[PDB]
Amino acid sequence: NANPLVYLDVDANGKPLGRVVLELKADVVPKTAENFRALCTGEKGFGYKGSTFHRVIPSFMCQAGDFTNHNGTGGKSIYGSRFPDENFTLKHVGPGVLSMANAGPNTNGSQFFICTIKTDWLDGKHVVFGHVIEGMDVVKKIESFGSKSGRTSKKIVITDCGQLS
């Protein structure tokens, strides 16, 4: 079975930035990939639609997915509030890596990040589970509205998301 492709359509201050297309590596991390896929489609009754990129740091990563507290302290997975680190097989190889945000070991929920640089120091600490395959330019636009603290200069909103099937 082919790896799922999913999308995020992103606004800045109500103005469309475009579409990010992500391949989820369900072959290597099936459980982590399925959580993200299901949060994109909303099929458990909750997910990413309408939530924000709440922490964006230039030359590091763009972080999103806290649809419960919208500030980096929340989120939940389709398995429960948190689920374990599935494996650390895939590595933070460069820009475009899609990886799980966490608050330490075995705290995956819904928050995720897209790298804008090789973040190798996160290897073995954050579960990588996909990669940008179209729309890296959009990711760079998101990055342009970040700051050193991560606070965004514009409201960055995932206005739609889903699975490309």
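The first residue of the sequence shown is number 1, and the count goes up from there.
In this entry, the higher average B-factor at the C-alpha atoms falls on 67 to 75, of the pair 86 to 94 and 67 to 75. The PDB entry records a higher mean C-alpha B factor for 146 to 154 than for its counterpart among 18 to 26 and 146 to 154.
Among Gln111, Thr32, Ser99, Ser59, the highest C-alpha B-factor in the deposited entry belongs to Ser59. Ranked against the other modelled residues of its chain, the C-alpha B-factor of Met136 as given in the entry falls in the highest third. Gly130: CA B factor in the lowest third of modelled residues in this chain (values from the PDB entry). The PDB entry assigns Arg37 a C-alpha temperature factor belonging to the lowest third of its chain's modelled residues. Among the modelled residues of its chain, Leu5 has a C-alpha B-factor that falls in the lowest third, as given in the PDB entry.
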